[PDB]
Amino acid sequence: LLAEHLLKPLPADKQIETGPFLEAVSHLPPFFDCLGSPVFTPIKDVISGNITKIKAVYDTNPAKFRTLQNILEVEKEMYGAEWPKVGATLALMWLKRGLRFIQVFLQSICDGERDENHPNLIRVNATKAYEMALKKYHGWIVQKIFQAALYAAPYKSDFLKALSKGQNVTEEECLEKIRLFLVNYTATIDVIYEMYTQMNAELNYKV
């Protein structure tokens, strides 16, 4: 149930408190265990791992790492020339990309983007999310692994069904709750991308 854990709104100064953020996004990886296939469990674990790494660094000193901007600027100072490919900065660099993937996927579904010829699939939505969020950073083996995983994707009706877990709500109602979640989720992700740009903390290497 996405809109039961809305993200906070951005404050005027656009600084994101680390503790609240981590707590919010930590409700996202489990969803990957209700998409119908064990092919997604490794994906839960990849995104959780990013979250766990940021929390581990935050837990060393919450006041020093109070906001996400604090994390980047502090680690830049701590690590010198190995930064930004170290620590929580690297974990959040990759986290923002998974989060962005989810954002683009959910927004595509809610904007009614679909394959007219195969309308209860979610493949076009996942393929667009992947091209926007992830593909730039994956070598061809991983891109092939994505293309294989796409076939385990559930039908759209089943996917919406699992997002409400059985609430007996119309798809229309379901999509409206998703639109609501997307408000502060997109705004937050955009601010994390903008901070990576302003700090020159973004790297373009492929895996």
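Just count from 1 along the sequence shown to find any residue number.
The mean Cα B-factor in the deposited entry runs higher for 130 to 138 than for the other of 130 to 138 and 92 to 100.
According to the PDB record, 28 to 36 carries the higher mean C-alpha B-factor of the two stretches 175 to 183 and 28 to 36. Considering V86, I71, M78, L106 together, the PDB entry gives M78 the largest C-alpha B factor. Remark: of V46, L163, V57, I51, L163 shows the highest value [criterion: C-alpha B-factor in the PDB entry]. In the PDB entry, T18 places in the lowest third of its chain by CA B-factor.
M195 sits in the middle third of its chain by CA B factor, as recorded in the PDB entry. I189 sits in the lowest third of its chain by CA B factor, as recorded in the PDB entry.
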